[PDB]
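Beneath this line is the structure, given in structure tokens, with notes to follow.
Atoms within a ligand are numbered from 1 in the order they appear, just like the ligands themselves. Side-chain atoms are counted along with the backbone in the values below, which use heavy atoms only and exclude waters and symmetry mates. Residue numbers run from 1 in the order of the sequence given.
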Amino acid sequence: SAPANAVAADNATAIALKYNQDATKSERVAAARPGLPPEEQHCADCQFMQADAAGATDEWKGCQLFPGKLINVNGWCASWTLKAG
Ligand code: SF4
């Protein structure tokens, strides 16, 4: 079951960010962002990802651009940025 504080596909911010719970279904390939091949981009290795957010699970983390909510560790958004930190 997905947390109640999970980002909905129909969420304004989600639509603006072009975020999708399942990265294999995102347009990450067409976006082609620097860092690594799109085929390998997902929330899991994103700079903005935070296993800080409360209620975070193994499949669900917090996201700096999504305060108060949780994203799918296997999701993706047009804002992806290779994790260094
Ligand atoms: S910015 Fe990163 S962690 Fe947040 S939703 Fe987009 S890809 Fe996932």
Identify, by atom number and element, the atoms of ligand 1 in contact range of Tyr19, meaning under 4.0 Å from any of its heavy atoms. 5 (S)
Which residues satisfy the side chain to side chain donor-acceptor pair (under 3.5 Å) test with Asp45, sequence neighbours excluded? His42, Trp80
For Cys46, atoms of ligand 1 separated by under 4.0 Å from a heavy atom: 1 (S), 2 (Fe), 3 (S), 7 (S)
Is the distance between atom 4 (Fe) of ligand 1 and the nearest N/O/S atom of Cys63 smaller than 2.8 Å? yes
Decide yes or no for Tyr19 and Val7: does some side-chain heavy atom of the first lie under 4.5 Å from some side-chain heavy atom of the second? yes
Metal site atom 8 (Fe) of ligand 1: N/O/S of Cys43 inside 2.8 Å: yes
If the condition is side chain to side chain donor-acceptor pair (under 3.5 Å), which residues does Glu40 pass it with, not counting sequence neighbours? none
Any side-chain donor near an acceptor of the partner, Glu59 and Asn72, under 3.5 Å: yes
